[PDB]
Amino acid sequence: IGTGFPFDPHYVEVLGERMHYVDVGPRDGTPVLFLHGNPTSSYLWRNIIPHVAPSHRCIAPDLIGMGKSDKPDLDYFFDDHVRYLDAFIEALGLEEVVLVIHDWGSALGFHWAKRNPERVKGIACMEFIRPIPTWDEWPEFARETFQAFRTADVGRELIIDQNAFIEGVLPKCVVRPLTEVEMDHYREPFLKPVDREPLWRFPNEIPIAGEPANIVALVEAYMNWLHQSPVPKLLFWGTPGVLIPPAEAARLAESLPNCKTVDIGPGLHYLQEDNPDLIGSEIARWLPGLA
């Protein structure tokens, strides 16, 4: 599994700030837009993009406050991310797109798709965000930690002071061991504690047992859209998974129209770090059927 990031940096200024993005493959045609989540960046897609770039333009932005993008002093609510990604997409002049999304990138991708359905040709997803009714549904190995992330005083000590989302959550949610050079790529944007605000606001925005209400409402809305939309869907899942365990992937294969599922083998949350080649090769095999 490759540890390098051989992509030339591209930057675009939107709403006063620069956003970094990978842009490879053909210069035109339908682009494939890769959206990462918490606490990652376009680095998470580095071994998947090479399977797709031979046929399609691949664009992978670093969300505002993350990766190589600038760091405005925001509270970094999901709504701030929505504003920046909406502006990024229009600044690049994108018309129709194929989405490849994960975690908070999936909440951004699905919410953008529900609002711009005529512009989405297909959605490839994995370990995505859905309304979580109770903590019972959260797996035991990670439940008490995520509860601490959402409690005062404690969640900020863990995520901002101790960097628990980078040093703990990230590697503990990859089955194979991440190496120090990979961990340093993920650590780079957050070397200064104050720059870790997005890492703490994100878990506090997850819709669980009804809160926060605004996010629950918007996630319910895109789920209803997804269950009634004929857009082609490709869902990758692992065992035991975290947000989408095996039993839930099988149920979604049924409850979502035109949905193909792919078993990646062992995996927790950052599936891209356990089987990037199967994820990339299957996306490449699936794209021509969208023509």
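- Method-wise, the PDB entry is recorded as coming from X-ray crystallography, at a reported resolution of 1.5 Å.

A short note on the packing of aromatic side chains
Aromatic ring pairs are defined here through the distance separating the ring centres and the angle between the ring planes.
Here's step 1: Using the criterion set out here, one finds 14 aromatic pairs in the structure.
Here's step 2: Note on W135 and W138: the rings are 6.2 Å apart at their centroids and 65° apart in plane angle, and the pair reads as edge-to-face.
Here's step 3: Residue class for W138 comes out buried when judged on its relative accessible area of 5%.
Here's step 4: Members of the aromatic cluster, joined through ring pairs, are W135, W138, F146, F149 and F165.
Here's step 5: Here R18 stacks its cationic end above the ring of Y11, 3.6 Å away from the centre of that ring.
Here's step 6: Lying across the ring of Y43, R46 places its NZ or CZ 4.0 Å from the centre.

A look at the pairing of strand β8 (residues 259–267)
Here's step 1: Across 7 bridges, strand β7 (residues 233–240) lies against β8 in parallel orientation. Of the residues in β8, the one forming a bridge with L235 is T261.

Quick word on unusual backbone geometry
Here's step 1: With an omega of 0°, the peptide bond between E211 and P212 qualifies as cis.
Here's step 2: Checked against the element boundaries, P212 lands in the loop between α8 (197–205) and α9 (213–228).
Here's step 3: Residue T239 is joined to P240 through a cis peptide bond whose omega torsion reads 0°.
Here's step 4: Positive phi values are uncommon outside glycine, yet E127 reaches one of about 35°.
Here's step 5: Here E127 is to be found in strand β6 (residues 120–128).
Here's step 6: Phi at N258 is positive, roughly 45°, even though this residue is not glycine.
Here's step 7: As for its position among the elements, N258 is in the loop between α10 (246–255) and β8.

Things to note about the side chain of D274
Here's step 1: Position of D274 relative to the elements: it lies in the loop between β8 and α11 (276–286).
Here's step 2: Notably, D274 is buried but unbridged: the nearest opposite-charge side chain belongs to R176, and the N-O separation is 5.1 Å.
Here's step 3: Reaching out from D274, the side chain makes a polar contact with the backbone nitrogen of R176 at a distance of 2.9 Å.
Here's step 4: In this view, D274 contacts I1, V174, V175, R176, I264, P266, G267 and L268; residues no more than four positions away in its chain are not counted.

Quick word on the sheet that holds β7
Here's step 1: Overall, mixed pairing links the 8 strands, which are arranged β1-β2-β4-β3-β5-β6-β7-β8 in an open sheet. The open sheet has two edge strands, β1 (10–14) and β8, and neither has a second partner. Across the sheet, the mean angle separating the axes of adjacent strands is 20° when strand polarity is ignored.
Here's step 2: Both strand β2 (residues 17–24) and strand β4 (residues 58–61) contribute to a ladder of 4 bridges, which runs antiparallel. Among the inter-strand pairings, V24 is bridged to a residue of β4, identified as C58.
Here's step 3: Relative to the sheet, helix α3 (residues 103–115) contacts β3 (32–35), β5 (97–102) and β6, its axis offset from that of β5 by approximately 145°.

Regarding the pattern of salt bridges
Here's step 1: Overall, the coordinates contain 15 salt bridges when judged by the stated rule.
Here's step 2: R46 is the salt-bridge partner of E182, the closest N and O atoms lying 3.0 Å from each other. With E182 in helix α7 (residues 180–187) and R46 in the loop between β3 and α1 (49–52), this residue pair connects regions lying 136 residues apart in the sequence.
Here's step 3: Look at the salt bridges and you will find they share partners, linking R46, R176, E182 and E273 into a network.

Remarks on the UniProt feature "active site" in the protein chain
Here's step 1: As annotated by UniProt and renumbered to match this structure, "active site" occupies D103, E127 and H269. Spanning 167 residues, the named residues nonetheless gather at one spot, since no C-alpha pair among them exceeds 8.6 Å. Checked against the lining of the largest pocket, the annotated residues reduce to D103 and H269.
Here's step 2: Residue contacts for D103: discarding those within four places in its chain leaves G37, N38, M126, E127, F128, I129, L243 and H269.
Here's step 3: Its place among the elements puts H269 in the loop between β8 and α11.
Here's step 4: Owing to a relative accessible area of 7%, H269 belongs among the buried residues under this scheme.
Here's step 5: If we ignore the near neighbours within four places in the chain, the residues touching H269 are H102, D103, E127, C173, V242 and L243.

About the cut-offs
- Residues numbered from 1 in each chain as written, not as in the entry; some residues may be left out.
- Heavy atoms only, no water.
- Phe/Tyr/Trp six-rings, centres within 6.5 Å; stacked < 30°, edge-to-face > 60°.
- Buried < 20%, exposed > 50% of the residue type's maximum accessible area, 1.4 Å probe, protein only.
- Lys NZ or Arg CZ within 6 Å of the ring centre and 35° of its normal.
- Pairing = 2+ DSSP bridges.
- Helix = DSSP H or I, 4+ residues; strand = E, 2+ residues; numbered from the N terminus.
- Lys, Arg positive; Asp, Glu negative; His and termini not counted.
- Salt bridge = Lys/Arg side-chain N within 4 Å of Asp/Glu carboxyl O.
- Polar contact = N/O pair within 3.5 Å; in protein donor to acceptor, adjacent residues only side chain to side chain.
- Contact = heavy atoms within 4.5 Å.
- Axes fitted to C-alpha atoms, helices over the stretch in contact; angles between N-to-C directions.
- UniProt positions renumbered as here; feature names shortened; annotations may be inferred.
- 1 Å grid on protein atoms, 1.4 Å probe; cavity = no way out; pocket = protein on both sides within 12 Å on 5 of 7 lines; lining within 4 Å.

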